[PDB]
Amino acid sequence: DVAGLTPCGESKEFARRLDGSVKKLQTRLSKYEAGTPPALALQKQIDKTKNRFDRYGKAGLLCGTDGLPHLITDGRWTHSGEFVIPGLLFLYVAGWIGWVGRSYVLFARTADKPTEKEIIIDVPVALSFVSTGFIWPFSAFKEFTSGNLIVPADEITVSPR
Amino acid sequence: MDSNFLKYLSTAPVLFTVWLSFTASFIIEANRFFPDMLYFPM
Amino acid sequence: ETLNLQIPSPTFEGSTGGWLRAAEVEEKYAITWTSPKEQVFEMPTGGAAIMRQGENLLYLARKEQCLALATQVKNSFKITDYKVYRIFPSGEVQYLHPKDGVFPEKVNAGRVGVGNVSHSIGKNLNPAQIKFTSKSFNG
Amino acid sequence: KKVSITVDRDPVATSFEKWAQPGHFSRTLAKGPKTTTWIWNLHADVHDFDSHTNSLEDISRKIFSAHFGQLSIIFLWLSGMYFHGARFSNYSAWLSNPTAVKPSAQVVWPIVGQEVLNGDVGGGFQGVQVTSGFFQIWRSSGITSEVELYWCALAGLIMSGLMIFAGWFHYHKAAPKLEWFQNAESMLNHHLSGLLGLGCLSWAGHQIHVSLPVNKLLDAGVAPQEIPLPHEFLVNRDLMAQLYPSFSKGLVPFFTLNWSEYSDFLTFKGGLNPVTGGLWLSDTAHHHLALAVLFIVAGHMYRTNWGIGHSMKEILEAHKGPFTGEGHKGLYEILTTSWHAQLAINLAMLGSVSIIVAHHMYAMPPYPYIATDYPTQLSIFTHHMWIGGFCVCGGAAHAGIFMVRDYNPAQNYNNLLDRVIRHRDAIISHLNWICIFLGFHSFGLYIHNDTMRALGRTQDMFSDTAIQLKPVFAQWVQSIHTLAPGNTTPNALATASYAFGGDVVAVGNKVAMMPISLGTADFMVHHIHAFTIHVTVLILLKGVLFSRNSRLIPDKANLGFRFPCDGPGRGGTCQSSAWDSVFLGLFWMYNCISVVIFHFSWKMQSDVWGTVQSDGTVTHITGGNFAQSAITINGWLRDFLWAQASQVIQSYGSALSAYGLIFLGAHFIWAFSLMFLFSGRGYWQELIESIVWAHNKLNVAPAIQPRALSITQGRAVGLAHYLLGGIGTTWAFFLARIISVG
Amino acid sequence: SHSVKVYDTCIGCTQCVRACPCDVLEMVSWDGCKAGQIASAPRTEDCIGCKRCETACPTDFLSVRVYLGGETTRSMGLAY
Amino acid sequence: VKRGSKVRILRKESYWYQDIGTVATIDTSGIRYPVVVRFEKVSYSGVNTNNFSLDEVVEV
Amino acid sequence: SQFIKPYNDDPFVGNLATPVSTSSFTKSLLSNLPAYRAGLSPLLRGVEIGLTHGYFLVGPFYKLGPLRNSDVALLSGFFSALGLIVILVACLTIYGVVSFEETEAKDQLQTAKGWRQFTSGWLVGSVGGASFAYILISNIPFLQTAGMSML
Ligand code: CLA
Ligand code: CLA
Ligand code: CLA
Ligand code: CLA
Ligand code: CLA
Ligand SMILES: CC1=C(C/C=C(\C)CCC[C@H](C)CCC[C@H](C)CCCC(C)C)C(=O)c2ccccc2C1=O
Ligand code: SF4
Ligand code: SF4
């Protein structure tokens, strides 16, 4: 398929991975009696292993010659659920954390003693700020354009060189 | 509840440990109910 | 003014931290002070000695060793009567501290400023400017 | 009655107000942070009580209540070990089959595939195999039930609550005055007689009435649920007299001094129990009874309130001769007014005792079925070597803190301290020479052997097959200890330990203990030990003796115990403090203890541990390769680290895969430490300046200005990660190796 | 020897002279600062280079500036 | 400038170069650095105040 | 009774008079030793020290050397001792050249001429002592063995 890879649902090496992974657990299950707590635990592990391989086979992942799933991250939309979409979820959460922390340090600067607000956090105000993060791309872009994100170069301390 | 005990629970290490334990706790719970999420399913 | 070599010394049971061959071949330092009491102090070179009531004389290998005892004698026993000398192997005695009878921390007339630069430190010349010329980097 | 209890009532108010103001305990930190250094300076000086307060009374009160908090933590920890033994263990399965079931008291949750760590330890059980030797302790105690482990967990929980209450009570409600703490005679009388003496007496009583009947029934072959409960031995004296017929006469032989009646249960057998490979518990019961008598007798030495006894001041001031001036005068004043002097002594002793514990516990295995549980033997040796080495370096740490802070020359004129400081150049130069001599003549023998073996000259090596450096004195002492039963210990039946010579003790076809022969390789590695111990002493002693002043810095005491340097002048005075000799000596302690545990691990696997074949042949774990390969460094690299690291590297996908992960993680942490060790603060502060610029550009600069860590803290962080990384690497390597092969 | 310089931003606080373990610095009269005094270094041959004077300096950039130079027996702190 | 005003530092070797401090006092004598500026941020030395000249200080 | 006193009745000197440092036995031994012996020429000082050092150098090279098991062990040991003597005499020569400024007086080791005389004596003594050890070990079978000839 893509990059000479094979879909995991029809690769024989993924199937032998699943079969070997289940044989390892079945030989551990072969030393226990049916209703015992270790046997029940081992059987649930076998069920989880089968579910993982069954889900991966039908997911559109591409396996290598080694039978392990490979991620295609060049931007193609048939594989966007492996990096582009998880990455968009990350950048939303990361920008949330960044916007929320930036808003709290700007609040803490306007305090009576700014450095106590950073070792003893004003938790109601900081929770107001953690609620602010859900619309950070718009809040931060309006902040950027309204001249409130970027400070001018002549307001920043720099070394003599 | 005492205001000095609440000001103690607002200290940086307590909030850091509680928030990262809560964070760790929902990563653990999300990987318990919905394990093996190598990809966003689509 | 000159060091009276006959000044009695503090009671020290000796130590291995004292001066070595460079004291008798390069320079030795001496410190004298007057004590109102027969009191124990700590040697810069080791353990404890007892300074005698009256005038004491010490022989150290470093000027910092002398000034360390001087601070111990001024902060714990309040002696301000310490004179630090550098004694050459030739026998020349050079008075050092306090150099003009007044402590360096107090202003004194007739002191000429050495090392004083008329501008602030950010106005020092860059090394490229002073390269391949004898001109100094302090302007 | 000059020894009296005196307490201030309600000294400190139990309020949460100071909890809410971090840094309250010092004048510097209480005004709040302005840089991030404050944050680090908060944790660094918190337990430094004598840096906060001038008064010895408030310092002593803080120490007493912090010791109760530590005891509360230890009791909570013990209660958890008993609860995990009761609830998450195969202890009952292990009791039935101690030689096949592997001890396990930790079960993991199935979350991210980590349930592979619940390996098949045996007894119809899955869990993490535990190597702390608790199962062998509990069998030695005679627990034989998980219900009794729940009762021990509750007893630990009650003690943990009582200690945390006592710390609160003795700091906030009834805090003793300084004159209470300055009763060294009373404290020694009570800690010898009461703590150690009634501790041994009560433990000997428990052993006689509980451990001895239950373990006789266990070794007879009785199943654990067929064994009478431990109080049925207390009441049914007839049933107790079946196992030990001396109980038919009761306590009349004790009081009438007819003690040879009690030889059924108070023996002097020596050697090991053939069934368990552990010490005879009748010997252990007699051992603890004899220690109890001497400890109680010892605790009557000192004078408290009735004229009988010694004044320790009189003992010390009378011991003075012609070489030592005023002698031990002034040492009593030191040790009852300086907590650091006491901590220096007690940490050096507790570390020495922990080191003694590791040697004696492997050689004379004290618990049933602990000798043939090789993961436990390796774990508790390695653990008590590390606790010993750390505590010994903390003894030198607090010797340095005493010298910098609590030492007063006025009260220490011409005594033993004055004389040591007044010949410290002779001490450090002779120690320096012995360390150079002993690095040349121990490690240079290894370099000679590497060179000769690499050059094809096997006849030119120091080896058993070539030039033989035999340990004649150690072999001779081994001869004496093998000849001692019936000769110089006539009433002993067996040797103190089979390590000296004698039989091979096998339990479940695995060697419990067997003679440890010493050859050229053992001579070489013992002189490696003498060298690494000497150099650690040199760094720690050089730091203690030069803590206050040097020829380099004549006023080092004014800079403190822990300062980074006194500038780049005098050539450079980097790491001139006593703290920096503790810092440098903890590396050499690490080096010393790492070679000791490597010597132990290789020697026990190569020459002691293994399986007993038919005809009594012992196939050892690494097949006797120590003798001809521990003489070269390439042998230690190849036949010890490379050969035995096979289990950690190949542990993935098994229950020991956590050890492979910790092996790699600790290699990471160790390397990560070298970022803090090889670098300096000025680089990181200028890098932080550029990062601060990037924050300023986005108006996200913090109000607590970020700083690079202090020079001392960069050293401390580097050392802490280095020790964690190295020890964790050895911990993972040792544990995966010996769980797989032993 | 080391070279020790005092710049005209010196406020005459006398702290660098007090810090000096080797009597390198002393105070001379100067009308530039409110205190009427500036530090001077007429004894840089005794300077060990410890830079304790720099630590004691409360000016944003140390008015006292030690520049480590040629080493001698005195500037190396050698008691031998 | 005048006492109490907020000022921007133009001394390139200052810790607080192009940062804002506030003027505490200004001497009237022949002092080389009369403007005493106090700053919220502390320097690496821990000092939070320094004396500057007029041509090194601009009102904001 | 105190057995340790300040050295030379000077407390601040960097030494302590101790039984090991300042007993009459220690003073007698040092004075008796050729390096500190009064009335001894620098050349004669070198001859006595050299005879001693060359004599005992042969034995470790002979007994523990690479050619120890060979029948040429003594010749190899002597040559190795002799080579070490030549390296050491070069060390003595170079130390003398750099340490001591040329002065007319030769009556002391700490003079250019005196150290040259000492080095001359040390070479003659060391080669002679090494030779004496070679002659003795070759003649005596017991010396050829490690003391196991009786066994
Ligand atoms: C002291 C030694 C010790 C140790 C090392 C352990 C270790 C463990 N126990 Mg055991 N346990 C102990 C004592 C101990 N226990 C005792 C004394 C009891 C009796 C009460 C138990 C009873 C017990 C049970 C019943 C179970 C365990 C389990 C476990 C495992 C997981 C626990 C867990 O994830 O909690 C995580 C729980 C949380 C709530 C998360 C903690 C996050 C918070 C924020 C902690 C922060 C502390 C706080 C910040 C401190 C400041 C206070 C505040 C005022 C500022 C782990 C192996 C489990 C196990 O083995 O399963 C197989 C299990 O089921 N333990
Ligand atoms: C015989 C009486 C006695 C006993 C048993 C102890 C025991 C102890 N003292 Mg000492 N102490 C005593 C008298 C005694 N003290 C006196 C008279 C003084 C005044 C001079 C002091 C002053 C003193 C100081 C200043 C300090 C101690 C500390 C300690 C603890 C050491 C840590 C340890 O190993 O605990 C673990 C061992 C244990 C056995 C834990 C058990 C805890 C209890 C208290 C033991 C006794 C229980 C009870 C008597 C037993 C009843 C038996 C019953 C079931 C039949 C330990 C609990 C140090 C400490 O840690 O402070 C807390 C400490 O700093 N003590
Ligand atoms: C970080 C501290 C630390 C930790 C976590 C451990 C952890 C462990 N130790 Mg070790 N230990 C340490 C420090 C530590 N040790 C030190 C400093 C010493 C020297 C005193 C010892 C001496 C020691 C011995 C002698 C034994 C252990 C044992 C154990 C294990 C069971 C725990 C238990 O219930 O002990 C319970 C302890 C016992 C059942 C025996 C106690 C016998 C000692 C002699 C009691 C002395 C008490 C007395 C108050 C000490 C005063 C000090 C003295 C110098 C005045 C466990 C692996 C046991 C073990 O390895 O079994 C497999 C064991 O027999 N420890
Ligand atoms: C009975 C033992 C004992 C006691 C009571 C003390 C008590 C004290 N020591 Mg001493 N010390 C000890 C043992 C002890 N130490 C040992 C064994 C060592 C050798 C390592 C030292 C080395 C030492 C030095 C070098 C110094 C002290 C200092 C201090 C004082 C304050 C320390 C502080 O606030 O730290 C607060 C506690 C911490 C900052 C904890 C951090 C330590 C490590 C990094 C944490 C370990 C984490 C864990 C074990 C492993 C990580 C696991 C990871 C995977 C999560 C205090 C007087 C210092 C002082 O101020 O002198 C007066 C000082 O300079 N001690
Ligand atoms: C493997 C690396 C290594 C080596 C070889 C050394 C070597 C040494 N260290 Mg160092 N050290 C190291 C790592 C090392 N250290 C590390 C990582 C730390 C981290 C904190 C320290 C910290 C440290 C301190 C703090 C101290 C030492 C001390 C010593 C000396 C011990 C005395 C001795 O054995 O002399 C014998 C010399 C050796 C064993 C070096 C190996 C030489 C072998 C035997 C062959 C010789 C080759 C020969 C000269 C070839 C000549 C021909 C050739 C020149 C052409 C010695 C110079 C101590 C010291 O100097 O005081 C005595 C001391 O106090 N070390
Ligand atoms: C990296 C590094 C820094 C920079 C390191 C810093 C500023 C530490 C900051 C790390 C973050 C900010 C916190 C660390 C938290 C860790 C994830 C875990 C810490 C665990 C304890 C701190 C609780 C120094 O300051 C330094 C100073 C002297 C010698 C070497 C070095 C050095 O190597
Ligand atoms: S410290 Fe800085 S400011 Fe104070 S006097 Fe010395 S130089 Fe002038
Ligand atoms: S460096 Fe040390 S010595 Fe030289 S001047 Fe500054 S303080 Fe005085």
# chains A, B, ... in the order shown; residues from 1 in each chain; ligands from 1
call {"tool": "residues_around", "arguments": {"residues": "residue 90 in chain G", "least_positions_apart": "6", "cutoff": "12 Å", "atoms": "only C-alpha atoms", "output": "PyMOL selection string"}}
result
chain G and resi 83-84+96-97+116+119-120+122-123
call {"tool": "write_last_selection", "arguments": {"atoms": "C-alpha atoms", "output": "PDB file, in the first residue's frame"}}
result
ATOM      1  CA  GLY G  83      69.534  -0.113  33.471  1.00  0.00           C
ATOM      2  CA  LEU G  84      67.524   1.235  36.385  1.00  0.00           C
ATOM      3  CA  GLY G  96      71.700  18.557  39.965  1.00  0.00           C
ATOM      4  CA  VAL G  97      71.886  20.654  36.795  1.00  0.00           C
ATOM      5  CA  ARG G 116      77.801  15.970  40.991  1.00  0.00           C
ATOM      6  CA  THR G 119      75.931  11.275  41.663  1.00  0.00           C
ATOM      7  CA  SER G 120      79.436  10.051  40.793  1.00  0.00           C
ATOM      8  CA  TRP G 122      76.090   6.773  43.667  1.00  0.00           C
ATOM      9  CA  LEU G 123      76.832   5.398  40.189  1.00  0.00           C
TER      10      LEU G 123
END
call {"tool": "residues_near_ligand", "arguments": {"ligand": "ligand 5", "cutoff": "8 Å", "atoms": "only C-alpha atoms and all ligand atoms", "output": "list in words"}}
result
residues 431, 432, 433, 434, 435, 436, 437, 438, 439, 440, 441, 443, 444, 445, 447, 531, 535, 536, 538, 539, 581, 583, 584, 585, 586, 587 and 588 of chain D
call {"tool": "write_last_selection", "arguments": {"atoms": "C-alpha atoms", "output": "mmCIF file, in the first residue's frame"}}
result
data_model
loop_
_atom_site.group_PDB
_atom_site.id
_atom_site.type_symbol
_atom_site.label_atom_id
_atom_site.label_comp_id
_atom_site.auth_asym_id
_atom_site.auth_seq_id
_atom_site.Cartn_x
_atom_site.Cartn_y
_atom_site.Cartn_z
ATOM 1 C CA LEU D 431 46.410 8.352 54.624
ATOM 2 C CA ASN D 432 47.155 9.810 51.165
ATOM 3 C CA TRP D 433 50.313 7.694 50.905
ATOM 4 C CA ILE D 434 48.550 4.507 52.026
ATOM 5 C CA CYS D 435 45.799 5.111 49.447
ATOM 6 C CA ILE D 436 48.360 5.593 46.657
ATOM 7 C CA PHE D 437 50.314 2.507 47.820
ATOM 8 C CA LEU D 438 47.152 0.469 48.005
ATOM 9 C CA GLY D 439 45.750 1.575 44.674
ATOM 10 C CA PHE D 440 48.998 0.676 43.062
ATOM 11 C CA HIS D 441 49.262 -2.649 44.882
ATOM 12 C CA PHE D 443 44.362 -2.345 41.205
ATOM 13 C CA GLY D 444 47.785 -2.388 39.584
ATOM 14 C CA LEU D 445 47.842 -6.131 40.156
ATOM 15 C CA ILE D 447 46.344 -4.078 35.407
ATOM 16 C CA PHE D 531 41.898 0.519 49.109
ATOM 17 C CA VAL D 535 40.239 6.439 50.023
ATOM 18 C CA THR D 536 36.644 7.022 51.222
ATOM 19 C CA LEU D 538 40.734 9.943 53.233
ATOM 20 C CA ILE D 539 38.107 12.140 51.486
ATOM 21 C CA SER D 581 34.211 16.159 50.753
ATOM 22 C CA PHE D 583 29.959 14.947 48.151
ATOM 23 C CA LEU D 584 33.216 13.484 46.832
ATOM 24 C CA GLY D 585 33.284 10.681 49.394
ATOM 25 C CA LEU D 586 29.784 9.497 48.573
ATOM 26 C CA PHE D 587 31.111 8.670 45.097
ATOM 27 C CA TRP D 588 33.959 6.702 46.621
#
call {"tool": "residues_around", "arguments": {"residues": "residue 55 in chain E", "least_positions_apart": "6", "cutoff": "12 Å", "atoms": "only C-alpha atoms", "output": "tab-separated table (two decimals) with C-alpha atoms, in the first residue's frame"}}
result
chain	number	residue	atom	x	y	z
D	566	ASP	CA	35.88	30.95	47.88
D	567	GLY	CA	36.43	32.14	44.34
E	15	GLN	CA	31.76	46.61	51.90
E	16	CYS	CA	34.38	45.38	49.34
E	17	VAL	CA	37.24	46.56	51.63
E	18	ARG	CA	35.66	44.74	54.63
E	19	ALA	CA	35.29	41.61	52.44
E	20	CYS	CA	38.96	41.82	51.32
E	61	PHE	CA	27.52	45.81	37.95
E	62	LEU	CA	30.35	45.39	40.48
E	63	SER	CA	32.32	48.68	40.69
E	64	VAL	CA	35.20	46.57	42.07
E	65	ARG	CA	36.41	44.23	39.28
E	66	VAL	CA	39.13	41.60	39.73
F	44	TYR	CA	21.69	38.04	40.49
F	45	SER	CA	23.40	39.70	43.51
F	46	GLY	CA	19.93	39.95	45.14
F	47	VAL	CA	20.04	43.79	45.00
call {"tool": "interface_residues", "arguments": {"of": "chain D", "to": "chain F", "cutoff": "9 Å", "atoms": "only C-alpha atoms", "output": "list in words"}}
result
residues 34, 35, 703, 704, 705 and 707 of chain D
call {"tool": "residues_near_ligand", "arguments": {"ligand": "ligand 3", "cutoff": "9 Å", "atoms": "only C-alpha atoms and all ligand atoms", "output": "VMD selection string"}}
result
chain D and resid 74 77 to 78 81 131 to 138 141 191 to 192 195 to 196 199 to 200 346 to 347 349 to 358 361 366 to 367 370 376 to 377 379 to 381 383 to 384 387 to 388 391
call {"tool": "select_by_dssp", "arguments": {"residues": "range 30-133 of chain G", "states": "alpha helix (DSSP H)", "output": "ChimeraX atom specification"}}
result
/G:30-32,42-64,73-99,112-133
call {"tool": "write_last_selection", "arguments": {"atoms": "C-alpha atoms", "output": "PDB file, in the first residue's frame"}}
result
ATOM      1  CA  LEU G  30      69.529   9.892  60.842  1.00  0.00           C
ATOM      2  CA  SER G  31      73.017  11.183  61.860  1.00  0.00           C
ATOM      3  CA  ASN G  32      74.479   7.653  61.394  1.00  0.00           C
ATOM      4  CA  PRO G  42      79.580  13.974  49.197  1.00  0.00           C
ATOM      5  CA  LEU G  43      81.258  11.362  46.997  1.00  0.00           C
ATOM      6  CA  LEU G  44      81.591   9.014  49.999  1.00  0.00           C
ATOM      7  CA  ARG G  45      77.942   9.712  50.897  1.00  0.00           C
ATOM      8  CA  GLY G  46      76.999   8.673  47.385  1.00  0.00           C
ATOM      9  CA  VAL G  47      79.182   5.543  47.499  1.00  0.00           C
ATOM     10  CA  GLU G  48      77.580   4.242  50.709  1.00  0.00           C
ATOM     11  CA  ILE G  49      73.998   4.988  49.564  1.00  0.00           C
ATOM     12  CA  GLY G  50      74.744   3.578  46.107  1.00  0.00           C
ATOM     13  CA  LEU G  51      76.275   0.329  47.407  1.00  0.00           C
ATOM     14  CA  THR G  52      73.154  -0.233  49.475  1.00  0.00           C
ATOM     15  CA  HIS G  53      70.642   0.568  46.714  1.00  0.00           C
ATOM     16  CA  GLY G  54      72.409  -1.278  43.899  1.00  0.00           C
ATOM     17  CA  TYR G  55      72.766  -4.345  46.124  1.00  0.00           C
ATOM     18  CA  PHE G  56      69.089  -4.683  46.842  1.00  0.00           C
ATOM     19  CA  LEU G  57      67.859  -3.694  43.358  1.00  0.00           C
ATOM     20  CA  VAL G  58      69.178  -6.919  41.736  1.00  0.00           C
ATOM     21  CA  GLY G  59      66.931  -9.253  43.745  1.00  0.00           C
ATOM     22  CA  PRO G  60      63.425  -8.138  42.662  1.00  0.00           C
ATOM     23  CA  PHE G  61      64.488  -7.960  38.998  1.00  0.00           C
ATOM     24  CA  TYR G  62      66.173 -11.371  39.264  1.00  0.00           C
ATOM     25  CA  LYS G  63      63.473 -13.196  41.224  1.00  0.00           C
ATOM     26  CA  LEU G  64      60.318 -11.627  39.770  1.00  0.00           C
ATOM     27  CA  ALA G  73      67.690 -14.808  35.273  1.00  0.00           C
ATOM     28  CA  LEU G  74      70.567 -13.342  37.265  1.00  0.00           C
ATOM     29  CA  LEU G  75      72.167 -11.762  34.198  1.00  0.00           C
ATOM     30  CA  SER G  76      68.795 -10.310  33.194  1.00  0.00           C
ATOM     31  CA  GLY G  77      68.184  -9.139  36.766  1.00  0.00           C
ATOM     32  CA  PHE G  78      71.616  -7.505  36.978  1.00  0.00           C
ATOM     33  CA  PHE G  79      71.139  -5.847  33.576  1.00  0.00           C
ATOM     34  CA  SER G  80      67.683  -4.626  34.604  1.00  0.00           C
ATOM     35  CA  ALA G  81      69.125  -3.325  37.867  1.00  0.00           C
ATOM     36  CA  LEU G  82      71.978  -1.689  35.913  1.00  0.00           C
ATOM     37  CA  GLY G  83      69.534  -0.113  33.471  1.00  0.00           C
ATOM     38  CA  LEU G  84      67.524   1.235  36.385  1.00  0.00           C
ATOM     39  CA  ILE G  85      70.795   2.559  37.881  1.00  0.00           C
ATOM     40  CA  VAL G  86      71.589   4.362  34.604  1.00  0.00           C
ATOM     41  CA  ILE G  87      68.060   5.871  34.448  1.00  0.00           C
ATOM     42  CA  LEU G  88      68.297   6.958  38.106  1.00  0.00           C
ATOM     43  CA  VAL G  89      71.803   8.364  37.677  1.00  0.00           C
ATOM     44  CA  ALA G  90      70.431  10.382  34.731  1.00  0.00           C
ATOM     45  CA  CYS G  91      67.696  11.632  37.093  1.00  0.00           C
ATOM     46  CA  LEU G  92      70.311  12.591  39.701  1.00  0.00           C
ATOM     47  CA  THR G  93      72.349  14.392  37.023  1.00  0.00           C
ATOM     48  CA  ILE G  94      69.428  16.422  35.625  1.00  0.00           C
ATOM     49  CA  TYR G  95      68.199  17.336  39.147  1.00  0.00           C
ATOM     50  CA  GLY G  96      71.700  18.557  39.965  1.00  0.00           C
ATOM     51  CA  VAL G  97      71.886  20.654  36.795  1.00  0.00           C
ATOM     52  CA  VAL G  98      68.603  22.478  37.321  1.00  0.00           C
ATOM     53  CA  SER G  99      68.427  22.733  41.148  1.00  0.00           C
ATOM     54  CA  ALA G 112      76.217  21.850  42.148  1.00  0.00           C
ATOM     55  CA  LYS G 113      79.653  20.318  42.688  1.00  0.00           C
ATOM     56  CA  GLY G 114      78.516  18.337  45.724  1.00  0.00           C
ATOM     57  CA  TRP G 115      75.540  16.800  43.944  1.00  0.00           C
ATOM     58  CA  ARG G 116      77.801  15.970  40.991  1.00  0.00           C
ATOM     59  CA  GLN G 117      80.197  14.217  43.418  1.00  0.00           C
ATOM     60  CA  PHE G 118      77.209  12.477  45.046  1.00  0.00           C
ATOM     61  CA  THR G 119      75.931  11.275  41.663  1.00  0.00           C
ATOM     62  CA  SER G 120      79.436  10.051  40.793  1.00  0.00           C
ATOM     63  CA  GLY G 121      79.628   8.117  44.047  1.00  0.00           C
ATOM     64  CA  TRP G 122      76.090   6.773  43.667  1.00  0.00           C
ATOM     65  CA  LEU G 123      76.832   5.398  40.189  1.00  0.00           C
ATOM     66  CA  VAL G 124      80.086   3.741  41.303  1.00  0.00           C
ATOM     67  CA  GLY G 125      78.442   2.362  44.435  1.00  0.00           C
ATOM     68  CA  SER G 126      75.276   1.222  42.658  1.00  0.00           C
ATOM     69  CA  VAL G 127      77.123  -0.624  39.888  1.00  0.00           C
ATOM     70  CA  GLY G 128      79.458  -2.106  42.520  1.00  0.00           C
ATOM     71  CA  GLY G 129      76.615  -3.109  44.842  1.00  0.00           C
ATOM     72  CA  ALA G 130      74.668  -4.620  41.951  1.00  0.00           C
ATOM     73  CA  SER G 131      77.819  -6.480  40.915  1.00  0.00           C
ATOM     74  CA  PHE G 132      78.362  -7.644  44.526  1.00  0.00           C
ATOM     75  CA  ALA G 133      74.811  -8.982  44.616  1.00  0.00           C
TER      76      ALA G 133
END
call {"tool": "select_by_dssp", "arguments": {"residues": "range 5-122 of chain A", "states": "strand (DSSP E or B)", "output": "PyMOL selection string"}}
result
chain A and resi 6-7+62-63+69-70+120
call {"tool": "interface_residues", "arguments": {"of": "chain B", "to": "chain D", "cutoff": "10 Å", "atoms": "only C-alpha atoms", "output": "mmCIF file with C-alpha atoms, in the first residue's frame"}}
result
data_model
loop_
_atom_site.group_PDB
_atom_site.id
_atom_site.type_symbol
_atom_site.label_atom_id
_atom_site.label_comp_id
_atom_site.auth_asym_id
_atom_site.auth_seq_id
_atom_site.Cartn_x
_atom_site.Cartn_y
_atom_site.Cartn_z
ATOM 1 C CA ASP B 2 -10.075 26.607 58.369
ATOM 2 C CA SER B 3 -8.695 29.314 56.090
ATOM 3 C CA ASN B 4 -5.084 28.511 56.970
ATOM 4 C CA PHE B 5 -5.537 24.836 56.114
ATOM 5 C CA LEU B 6 -7.104 25.853 52.800
ATOM 6 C CA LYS B 7 -4.221 28.264 52.214
ATOM 7 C CA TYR B 8 -1.910 25.318 52.907
ATOM 8 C CA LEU B 9 -3.744 23.149 50.378
ATOM 9 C CA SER B 10 -3.324 26.022 47.879
ATOM 10 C CA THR B 11 0.461 25.793 48.186
ATOM 11 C CA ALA B 12 2.402 24.871 45.038
ATOM 12 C CA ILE B 28 -5.177 5.691 33.950
ATOM 13 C CA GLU B 29 -8.993 5.493 33.862
ATOM 14 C CA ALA B 30 -9.152 6.391 30.144
ATOM 15 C CA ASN B 31 -6.558 3.704 29.421
ATOM 16 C CA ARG B 32 -8.511 1.262 31.585
ATOM 17 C CA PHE B 33 -11.868 1.525 29.846
ATOM 18 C CA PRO B 35 -7.038 0.682 26.171
ATOM 19 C CA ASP B 36 -4.587 0.309 23.292
#
call {"tool": "residues_around", "arguments": {"residues": "range 569-577 of chain D", "least_positions_apart": "5", "cutoff": "7 Å", "atoms": "only C-alpha atoms", "output": "PyMOL selection string"}}
result
(chain D and resi 547+561-564) or (chain E and resi 48-50+75-77)
call {"tool": "interface_residues", "arguments": {"of": "chain G", "to": "chain C", "cutoff": "12 Å", "atoms": "only C-alpha atoms", "output": "tab-separated table (two decimals) with C-alpha atoms, in the first residue's frame"}}
result
chain	number	residue	atom	x	y	z
G	2	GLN	CA	54.33	14.78	77.75
G	3	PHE	CA	56.12	12.99	74.94
G	4	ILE	CA	55.10	15.41	72.15
G	5	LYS	CA	56.43	19.01	72.21
G	6	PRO	CA	56.73	21.84	69.62
G	7	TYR	CA	59.47	21.26	67.07
G	8	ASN	CA	62.81	23.05	67.77
G	9	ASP	CA	61.06	24.96	70.63
G	10	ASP	CA	59.19	26.91	67.92
G	11	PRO	CA	55.40	26.43	68.15
G	12	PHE	CA	54.47	28.04	64.82
G	13	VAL	CA	56.89	26.02	62.70
G	14	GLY	CA	55.05	23.44	60.63
G	15	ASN	CA	56.22	20.38	62.54
G	16	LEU	CA	55.69	18.71	65.88
G	17	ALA	CA	58.46	17.16	67.95
G	18	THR	CA	57.19	13.62	68.56
